[PDB]
Ligand code: HEC
């Protein structure tokens, strides 16, 4: 869907940005600093879940640029793995949310977060 590499870059960064917001916004709740409303959380996770599938398609060959390390392309299999483990954690998050269990959510939240970090460690400049 992209004409220039710059456009894929702009797209993926935007998706990542949005996702960061949707995920990050739950930290105070998960930490107990904000009240917990199951329904609100559930809806937010639904959005997050949609957003989380988006970025991956904008890292095709020829989209080199931004803060993407070249290893994303040299080591595609490793990148796919990182991405899949991440989506899997999203699924867990989603299940915790659906169930309305703060403990579960809290734990899953940590798992997801570690997933973000794992990817960044190997593939983000
Ligand atoms: C690999 C599969 C990743 C996972 C999982 C997550 N992120 Fe990441 N992120 C990744 C890369 C390769 C990049 C650089 C993209 C580029 O082309 O510049 C990023 C970047 C971000 C950003 C910056 C967006 C911007 O404004 O430029 C943010 C805010 C970000 N990542 C956050 C983020 C969060 C919160 C994640 C988990 C919920 C997460 N990322 C996972 C690679 C990967």
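For labels at residue 64 and residue 14 in the simple 7 Å Cα→Cβ model, what's the distance in nm?
Here the answer is 2.5 nm between the modelled labels.
Want the number for residue 88 to residue 3: 0.36 nm per residue separation, take away the alpha-carbon distance, what's left?
Values: separation 85, 0.36 × 85 = 30.60 nm, distance 3.09 nm.
Answer, rounded to one decimal: 27.5 nm.
For helix 102-123, report the angle its Cα long axis makes with the longest principal axis of the Cα atoms of the chain; keep it between 0 and 90° and round to the nearest 10°.
10 degrees
Hey, what angle do you get for helix 38-51 against the long axis of the chain, alpha-carbon based, 0 to 90 degrees rounded to 10?
It works out to around 10 degrees.
Classify the chain from the C-alpha gyration tensor, please: rounded if a/c falls under 1.5, else prolate or oblate depending on whether a/b exceeds b/c. Mind dumping the intermediate values first?
Working: a/c = 2.52, a/b = 1.99, b/c = 1.27.
The shape class here is prolate.
With an 8 Å Cα cut-off and a minimum separation of 6 or more residues, compute the relative contact order for the chain in percent.
Relative contact order for the chain comes out at 31 percent.
Angle, helix 5-24 long axis vs. longest principal axis of the chain, Cα atoms, 0 to 90°, nearest 10?
It works out to around 10 degrees.
Ranking 122, 94 by Cβ neighbours within 10 Å, fewest first, what do you get? Intermediate values should be presented prior to the final figure.
Values: 122 13, 94 17.
Fewest-to-most ranking of 122, 94: 122, 94.
Under a 10 Å cutoff between Cα atoms, tell me which one of 59, 86, 109 has the largest fluctuation in the Gaussian network model of the chain.
Fluctuation is largest for 59.
With r as the distance between the Cβ atoms of residue 125 and residue 21 and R0 = 30 Å, compute the FRET efficiency 1/(1 + (r/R0)^6) and round to 0.05.
Working: r = 21 Å, r/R0 = 0.71.
After rounding, the FRET efficiency stands at 0.90.
Select from 40, 84, 13 the residue whose mean-square fluctuation is largest in a Gaussian network model of the chain (Cα-Cα springs shorter than 10 Å).
Looking only at 40, 84, 13, the largest GNM fluctuation is found for 40.
Don't worry about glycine lacking a Cβ; one is built from the backbone with ideal geometry, like all the others, and counts go over all protein chains shown. Quick note: the coordinates plus some simple rules give every number you see, no bench work behind them.
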